[PDB]
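Have a look at model_38.pdb below; it lists PDB, C-alpha atoms and all ligand atoms.
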```pdb
ATOM      1  CA  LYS A   1     -16.709  -6.954 -20.542
ATOM      2  CA  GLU A   2     -18.606  -3.692 -21.485
ATOM      3  CA  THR A   3     -17.148  -2.265 -24.719
ATOM      4  CA  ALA A   4     -15.830   1.314 -24.827
ATOM      5  CA  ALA A   5     -18.543   2.074 -27.424
ATOM      6  CA  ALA A   6     -21.321   0.633 -25.222
ATOM      7  CA  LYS A   7     -19.978   2.512 -22.205
ATOM      8  CA  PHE A   8     -20.117   5.795 -24.256
ATOM      9  CA  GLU A   9     -23.747   4.970 -25.057
ATOM     10  CA  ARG A  10     -24.544   4.277 -21.414
ATOM     11  CA  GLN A  11     -22.749   7.349 -20.105
ATOM     12  CA  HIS A  12     -23.690   9.834 -22.789
ATOM     13  CA  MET A  13     -26.589   8.932 -25.034
ATOM     14  CA  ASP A  14     -30.186   9.831 -24.242
ATOM     15  CA  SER A  15     -32.070  10.017 -27.536
ATOM     16  CA  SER A  16     -35.446   9.355 -25.756
ATOM     17  CA  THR A  17     -36.114  13.033 -24.867
ATOM     18  CA  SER A  18     -35.476  16.129 -26.975
ATOM     19  CA  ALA A  19     -34.249  18.106 -23.909
ATOM     20  CA  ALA A  20     -34.165  17.324 -20.205
ATOM     21  CA  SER A  21     -37.094  19.333 -19.013
ATOM     22  CA  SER A  22     -37.102  17.964 -15.473
ATOM     23  CA  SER A  23     -35.035  19.591 -12.697
ATOM     24  CA  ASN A  24     -34.812  15.921 -11.490
ATOM     25  CA  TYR A  25     -33.342  14.588 -14.765
ATOM     26  CA  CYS A  26     -29.670  14.404 -13.697
ATOM     27  CA  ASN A  27     -30.407  12.942 -10.280
ATOM     28  CA  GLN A  28     -32.377  10.168 -11.896
ATOM     29  CA  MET A  29     -30.184   9.595 -14.958
ATOM     30  CA  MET A  30     -26.813   9.674 -13.227
ATOM     31  CA  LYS A  31     -28.240   7.023 -10.910
ATOM     32  CA  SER A  32     -29.933   4.827 -13.514
ATOM     33  CA  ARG A  33     -26.911   4.847 -15.882
ATOM     34  CA  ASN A  34     -24.690   3.666 -13.024
ATOM     35  CA  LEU A  35     -22.737   6.820 -12.702
ATOM     36  CA  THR A  36     -23.277   6.969  -8.930
ATOM     37  CA  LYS A  37     -22.424   3.328  -8.138
ATOM     38  CA  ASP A  38     -18.886   3.531  -6.720
ATOM     39  CA  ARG A  39     -18.652   7.304  -6.377
ATOM     40  CA  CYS A  40     -20.558  10.434  -7.486
ATOM     41  CA  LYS A  41     -19.280  11.011 -11.035
ATOM     42  CA  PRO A  42     -18.699  14.810 -10.719
ATOM     43  CA  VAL A  43     -19.570  15.983 -14.245
ATOM     44  CA  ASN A  44     -21.352  14.235 -17.120
ATOM     45  CA  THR A  45     -23.096  15.155 -20.341
ATOM     46  CA  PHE A  46     -26.055  13.500 -22.037
ATOM     47  CA  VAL A  47     -26.755  13.974 -25.744
ATOM     48  CA  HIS A  48     -30.336  14.094 -27.113
ATOM     49  CA  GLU A  49     -29.764  13.256 -30.731
ATOM     50  CA  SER A  50     -29.981   9.988 -32.600
ATOM     51  CA  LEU A  51     -27.100   7.539 -32.206
ATOM     52  CA  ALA A  52     -26.491   7.826 -35.972
ATOM     53  CA  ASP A  53     -26.061  11.589 -35.628
ATOM     54  CA  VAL A  54     -23.657  11.254 -32.741
ATOM     55  CA  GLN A  55     -21.629   8.444 -34.404
ATOM     56  CA  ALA A  56     -21.365  10.654 -37.512
ATOM     57  CA  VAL A  57     -19.449  13.272 -35.495
ATOM     58  CA  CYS A  58     -16.396  10.883 -35.808
ATOM     59  CA  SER A  59     -16.329  11.981 -39.475
ATOM     60  CA  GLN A  60     -16.692  15.737 -38.734
ATOM     61  CA  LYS A  61     -14.306  18.462 -37.524
ATOM     62  CA  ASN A  62     -11.037  16.959 -36.186
ATOM     63  CA  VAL A  63      -9.840  18.855 -33.140
ATOM     64  CA  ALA A  64      -7.379  18.255 -30.341
ATOM     65  CA  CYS A  65      -8.584  16.425 -27.277
ATOM     66  CA  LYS A  66      -8.147  17.968 -23.846
ATOM     67  CA  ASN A  67      -5.531  15.344 -22.973
ATOM     68  CA  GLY A  68      -3.491  16.188 -26.091
ATOM     69  CA  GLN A  69      -4.513  13.199 -28.229
ATOM     70  CA  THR A  70      -5.539  13.969 -31.747
ATOM     71  CA  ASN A  71      -8.650  11.753 -32.113
ATOM     72  CA  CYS A  72     -11.347  14.264 -31.101
ATOM     73  CA  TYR A  73     -14.125  15.534 -33.318
ATOM     74  CA  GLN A  74     -16.415  18.554 -33.036
ATOM     75  CA  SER A  75     -19.991  18.414 -34.361
ATOM     76  CA  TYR A  76     -20.618  20.860 -37.218
ATOM     77  CA  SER A  77     -24.183  21.424 -35.989
ATOM     78  CA  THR A  78     -25.263  22.236 -32.453
ATOM     79  CA  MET A  79     -26.867  19.363 -30.547
ATOM     80  CA  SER A  80     -29.374  19.254 -27.708
ATOM     81  CA  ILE A  81     -27.403  18.225 -24.566
ATOM     82  CA  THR A  82     -27.835  18.083 -20.845
ATOM     83  CA  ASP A  83     -24.950  18.897 -18.511
ATOM     84  CA  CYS A  84     -25.052  17.209 -15.077
ATOM     85  CA  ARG A  85     -22.820  18.726 -12.375
ATOM     86  CA  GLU A  86     -22.654  17.526  -8.782
ATOM     87  CA  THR A  87     -23.890  20.093  -6.190
ATOM     88  CA  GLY A  88     -21.691  21.380  -3.346
ATOM     89  CA  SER A  89     -23.891  19.540  -0.762
ATOM     90  CA  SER A  90     -23.964  16.224  -2.668
ATOM     91  CA  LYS A  91     -22.724  13.294  -0.507
ATOM     92  CA  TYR A  92     -22.251   9.756  -1.796
ATOM     93  CA  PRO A  93     -24.270   7.571  -1.920
ATOM     94  CA  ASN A  94     -26.971  10.323  -2.244
ATOM     95  CA  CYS A  95     -25.411  11.946  -5.216
ATOM     96  CA  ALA A  96     -27.106  15.274  -6.148
ATOM     97  CA  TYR A  97     -26.844  17.125  -9.452
ATOM     98  CA  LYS A  98     -27.742  20.339 -11.136
ATOM     99  CA  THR A  99     -29.451  19.772 -14.533
ATOM    100  CA  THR A 100     -28.598  22.233 -17.347
ATOM    101  CA  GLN A 101     -30.066  21.960 -20.840
ATOM    102  CA  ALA A 102     -28.136  23.541 -23.735
ATOM    103  CA  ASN A 103     -27.613  23.466 -27.472
ATOM    104  CA  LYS A 104     -23.967  23.225 -28.264
ATOM    105  CA  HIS A 105     -21.411  21.568 -30.432
ATOM    106  CA  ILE A 106     -20.175  18.347 -28.927
ATOM    107  CA  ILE A 107     -16.588  17.145 -28.954
ATOM    108  CA  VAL A 108     -16.131  13.336 -28.722
ATOM    109  CA  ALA A 109     -13.020  11.102 -28.921
ATOM    110  CA  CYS A 110     -13.422   8.282 -31.470
ATOM    111  CA  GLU A 111     -11.568   4.950 -31.780
ATOM    112  CA  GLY A 112     -11.849   1.504 -33.369
ATOM    113  CA  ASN A 113     -13.005  -0.269 -36.391
ATOM    114  CA  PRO A 114     -15.777   0.759 -36.846
ATOM    115  CA  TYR A 115     -14.633   4.264 -35.787
ATOM    116  CA  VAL A 116     -17.052   5.306 -33.069
ATOM    117  CA  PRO A 117     -17.365   7.638 -30.070
ATOM    118  CA  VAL A 118     -15.701   6.259 -26.952
ATOM    119  CA  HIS A 119     -15.380   9.438 -24.775
ATOM    120  CA  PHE A 120     -17.217  12.761 -24.334
ATOM    121  CA  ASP A 121     -14.546  15.465 -24.304
ATOM    122  CA  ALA A 122     -16.363  18.834 -24.214
ATOM    123  CA  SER A 123     -19.111  20.993 -25.501
ATOM    124  CA  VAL A 124     -18.544  24.370 -27.086
TER     125      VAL A 124
HETATM  126 CL    CL A 201     -20.022  -8.976 -19.875
HETATM  127 CL    CL A 202     -23.011  27.191 -34.343
HETATM  128 IR    IR A 203     -17.955  -9.722 -20.669
HETATM  129 IR    IR A 204     -33.780   7.923 -18.209
HETATM  130 IR    IR A 205     -21.072  27.239 -33.881
HETATM  131 IR    IR A 206     -12.108   9.120 -21.201
END
```

Take the structure in the file and write it out as structure tokens.
Amino acid sequence: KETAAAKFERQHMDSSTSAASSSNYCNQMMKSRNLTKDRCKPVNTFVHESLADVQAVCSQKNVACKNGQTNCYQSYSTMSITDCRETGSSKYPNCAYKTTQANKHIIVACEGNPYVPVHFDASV
């Protein structure tokens, strides 16, 4: 079935655009990446850097994950991200999102051989 690594890419990678400069971006992307299929995924971040750059974070600053696991990593540089957060009037299946562009350090959980991002933990 879909690998954890591929699912991270689907949920969190958007290297095509340098920043999400449409107010529509989250509405469209959350839909087209299948994050509105069974429910409205409430919060989700997209990263606008190369895959190589994001994968490389697994070799950067080791930090605790929010769930208490130890396999999280914080990017030494800031990265261009977009935060998508479901609006108060959003109702499945017409999931509605606020789009916020930022430049922040990402924190991702990594696992496997090869050791790759499998979860987006936080941005700081
Ligand atoms: Cl499959
Ligand atoms: Cl910084
Ligand atoms: Ir399969
Ligand atoms: Ir898209
Ligand atoms: Ir910093
Ligand atoms: Ir997770």

Could you list, as a tab-separated table (two decimals) with C-alpha atoms, keeping the file's coordinate frame, all protein and nucleic acid residues with an atom at most 9 Å from ligand IR 206 (chain A), counting all atoms listed in the file?
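Contents of the output file out_23.tsv:
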```tsv
chain	number	residue	atom	x	y	z
A	109	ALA	CA	-13.02	11.10	-28.92
A	118	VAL	CA	-15.70	6.26	-26.95
A	119	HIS	CA	-15.38	9.44	-24.78
A	120	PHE	CA	-17.22	12.76	-24.33
A	121	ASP	CA	-14.55	15.46	-24.30
```

**OP:** Run the PyMOL selection byres (((chain A and resi 51) around 9) and not hetatm) mentally over the shown coordinates, then write out the matched residues as a ChimeraX atom specification, using the chain letters and numbers from the document.
**Re:** /A:9,13-15,48-50,52-56

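One finds atom CA of residue 90 of chain A at 21.1 Å from atom CA of residue 12 of chain A.
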
Apply the PyMOL selection byres (((chain A and resi 22-33) around 7) and not hetatm) to the displayed file and report the matching residues as an mmCIF file with C-alpha atoms, in the coordinates of the input.
```cif
data_model
loop_
_atom_site.group_PDB
_atom_site.id
_atom_site.type_symbol
_atom_site.label_atom_id
_atom_site.label_comp_id
_atom_site.auth_asym_id
_atom_site.auth_seq_id
_atom_site.Cartn_x
_atom_site.Cartn_y
_atom_site.Cartn_z
ATOM 1 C CA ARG A 10 -24.544 4.277 -21.414
ATOM 2 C CA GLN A 11 -22.749 7.349 -20.105
ATOM 3 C CA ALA A 20 -34.165 17.324 -20.205
ATOM 4 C CA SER A 21 -37.094 19.333 -19.013
ATOM 5 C CA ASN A 34 -24.690 3.666 -13.024
ATOM 6 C CA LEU A 35 -22.737 6.820 -12.702
ATOM 7 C CA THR A 36 -23.277 6.969 -8.930
ATOM 8 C CA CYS A 84 -25.052 17.209 -15.077
ATOM 9 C CA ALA A 96 -27.106 15.274 -6.148
ATOM 10 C CA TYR A 97 -26.844 17.125 -9.452
ATOM 11 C CA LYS A 98 -27.742 20.339 -11.136
ATOM 12 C CA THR A 99 -29.451 19.772 -14.533
#
```

**OP:** Check which residues satisfy the PyMOL selection byres (((chain A and resi 122) around 10) and not hetatm) in the file shown, then give them as a PyMOL selection string.
**Re:** chain A and resi 44-45+65-66+72-74+104-109+119-121+123-124

Using only C-alpha atoms, please write the residues we just selected to a file, as a PDB file, keeping the file's coordinate frame.
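What ended up in selection-v6.pdb:
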```
ATOM      1  CA  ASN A  44     -21.352  14.235 -17.120  1.00  0.00           C
ATOM      2  CA  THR A  45     -23.096  15.155 -20.341  1.00  0.00           C
ATOM      3  CA  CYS A  65      -8.584  16.425 -27.277  1.00  0.00           C
ATOM      4  CA  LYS A  66      -8.147  17.968 -23.846  1.00  0.00           C
ATOM      5  CA  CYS A  72     -11.347  14.264 -31.101  1.00  0.00           C
ATOM      6  CA  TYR A  73     -14.125  15.534 -33.318  1.00  0.00           C
ATOM      7  CA  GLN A  74     -16.415  18.554 -33.036  1.00  0.00           C
ATOM      8  CA  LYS A 104     -23.967  23.225 -28.264  1.00  0.00           C
ATOM      9  CA  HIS A 105     -21.411  21.568 -30.432  1.00  0.00           C
ATOM     10  CA  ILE A 106     -20.175  18.347 -28.927  1.00  0.00           C
ATOM     11  CA  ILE A 107     -16.588  17.145 -28.954  1.00  0.00           C
ATOM     12  CA  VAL A 108     -16.131  13.336 -28.722  1.00  0.00           C
ATOM     13  CA  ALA A 109     -13.020  11.102 -28.921  1.00  0.00           C
ATOM     14  CA  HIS A 119     -15.380   9.438 -24.775  1.00  0.00           C
ATOM     15  CA  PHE A 120     -17.217  12.761 -24.334  1.00  0.00           C
ATOM     16  CA  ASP A 121     -14.546  15.465 -24.304  1.00  0.00           C
ATOM     17  CA  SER A 123     -19.111  20.993 -25.501  1.00  0.00           C
ATOM     18  CA  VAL A 124     -18.544  24.370 -27.086  1.00  0.00           C
TER      19      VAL A 124
END
```

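Within the 9 Å cut-off around residue 92 of chain A, using only C-alpha atoms and omitting residues fewer than 6 positions from it on the same chain, the listed residues are residues 36, 38, 39 and 40 of chain A.
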
Would you name the residues within 10 Å of ligand IR 203 (chain A), counting only C-alpha atoms and all ligand atoms, and put them as a PDB file with C-alpha atoms, in the frame of the given file?
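Okay, part32.pdb is ready:
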```pdb
ATOM      1  CA  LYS A   1     -16.709  -6.954 -20.542  1.00  0.00           C
ATOM      2  CA  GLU A   2     -18.606  -3.692 -21.485  1.00  0.00           C
ATOM      3  CA  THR A   3     -17.148  -2.265 -24.719  1.00  0.00           C
TER       4      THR A   3
END
```

Could N, CA, C and O atoms be built for segment 45-68 of chain A and written out as a tab-separated table (two decimals), in the coordinates of the input?
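rebuild.tsv, freshly written:
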```tsv
chain	number	residue	atom	x	y	z
A	45	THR	N	-22.19	14.61	-19.35
A	45	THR	CA	-23.10	15.16	-20.34
A	45	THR	C	-23.87	14.07	-21.06
A	45	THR	O	-23.29	13.05	-21.48
A	46	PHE	N	-25.18	14.31	-21.23
A	46	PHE	CA	-26.06	13.50	-22.04
A	46	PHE	C	-26.47	14.21	-23.32
A	46	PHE	O	-26.66	15.43	-23.32
A	47	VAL	N	-26.51	13.46	-24.41
A	47	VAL	CA	-26.76	13.97	-25.74
A	47	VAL	C	-28.10	13.44	-26.24
A	47	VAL	O	-28.38	12.22	-26.21
A	48	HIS	N	-28.95	14.38	-26.65
A	48	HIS	CA	-30.34	14.09	-27.11
A	48	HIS	C	-30.44	14.24	-28.61
A	48	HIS	O	-31.07	15.21	-29.13
A	49	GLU	N	-29.72	13.38	-29.29
A	49	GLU	CA	-29.76	13.26	-30.73
A	49	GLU	C	-29.76	11.79	-30.99
A	49	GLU	O	-29.50	11.03	-30.08
A	50	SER	N	-30.08	11.38	-32.21
A	50	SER	CA	-29.98	9.99	-32.60
A	50	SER	C	-28.55	9.46	-32.45
A	50	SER	O	-27.57	10.19	-32.61
A	51	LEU	N	-28.42	8.18	-32.17
A	51	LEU	CA	-27.10	7.54	-32.21
A	51	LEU	C	-26.38	7.75	-33.54
A	51	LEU	O	-25.15	7.96	-33.54
A	52	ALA	N	-27.11	7.63	-34.67
A	52	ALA	CA	-26.49	7.83	-35.97
A	52	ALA	C	-25.86	9.23	-36.04
A	52	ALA	O	-24.71	9.38	-36.52
A	53	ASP	N	-26.58	10.25	-35.57
A	53	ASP	CA	-26.06	11.59	-35.63
A	53	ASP	C	-24.80	11.76	-34.79
A	53	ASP	O	-23.87	12.51	-35.17
A	54	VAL	N	-24.79	11.11	-33.64
A	54	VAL	CA	-23.66	11.25	-32.74
A	54	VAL	C	-22.47	10.47	-33.31
A	54	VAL	O	-21.35	11.01	-33.32
A	55	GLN	N	-22.70	9.24	-33.81
A	55	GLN	CA	-21.63	8.44	-34.40
A	55	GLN	C	-20.97	9.20	-35.59
A	55	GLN	O	-19.76	9.10	-35.80
A	56	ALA	N	-21.78	9.95	-36.34
A	56	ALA	CA	-21.36	10.65	-37.51
A	56	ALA	C	-20.36	11.76	-37.18
A	56	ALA	O	-19.58	12.16	-38.04
A	57	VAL	N	-20.36	12.21	-35.93
A	57	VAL	CA	-19.45	13.27	-35.49
A	57	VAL	C	-17.97	12.79	-35.68
A	57	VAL	O	-17.08	13.59	-35.91
A	58	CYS	N	-17.74	11.45	-35.66
A	58	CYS	CA	-16.40	10.88	-35.81
A	58	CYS	C	-15.83	11.15	-37.19
A	58	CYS	O	-14.63	10.91	-37.42
A	59	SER	N	-16.68	11.65	-38.10
A	59	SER	CA	-16.33	11.98	-39.48
A	59	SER	C	-16.35	13.50	-39.71
A	59	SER	O	-16.17	13.96	-40.85
A	60	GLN	N	-16.53	14.26	-38.65
A	60	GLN	CA	-16.69	15.74	-38.73
A	60	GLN	C	-15.40	16.46	-38.35
A	60	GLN	O	-14.33	16.06	-38.83
A	61	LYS	N	-15.47	17.56	-37.61
A	61	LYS	CA	-14.31	18.46	-37.52
A	61	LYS	C	-13.25	17.90	-36.54
A	61	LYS	O	-13.49	17.84	-35.35
A	62	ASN	N	-12.06	17.57	-37.04
A	62	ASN	CA	-11.04	16.96	-36.19
A	62	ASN	C	-10.40	18.06	-35.36
A	62	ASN	O	-9.95	19.10	-35.91
A	63	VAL	N	-10.41	17.87	-34.06
A	63	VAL	CA	-9.84	18.86	-33.14
A	63	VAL	C	-9.03	18.12	-32.08
A	63	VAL	O	-9.23	16.94	-31.83
A	64	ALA	N	-8.14	18.85	-31.44
A	64	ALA	CA	-7.38	18.26	-30.34
A	64	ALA	C	-8.26	17.92	-29.15
A	64	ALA	O	-9.18	18.67	-28.75
A	65	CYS	N	-7.96	16.78	-28.53
A	65	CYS	CA	-8.58	16.42	-27.28
A	65	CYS	C	-7.93	17.16	-26.15
A	65	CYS	O	-6.79	17.53	-26.27
A	66	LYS	N	-8.64	17.30	-25.03
A	66	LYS	CA	-8.15	17.97	-23.85
A	66	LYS	C	-6.86	17.35	-23.30
A	66	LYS	O	-5.99	18.05	-22.82
A	67	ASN	N	-6.73	16.05	-23.42
A	67	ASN	CA	-5.53	15.34	-22.97
A	67	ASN	C	-4.37	15.38	-23.99
A	67	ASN	O	-3.32	14.77	-23.75
A	68	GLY	N	-4.54	16.07	-25.10
A	68	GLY	CA	-3.49	16.19	-26.09
A	68	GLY	C	-3.50	15.17	-27.22
A	68	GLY	O	-2.75	15.32	-28.21
```
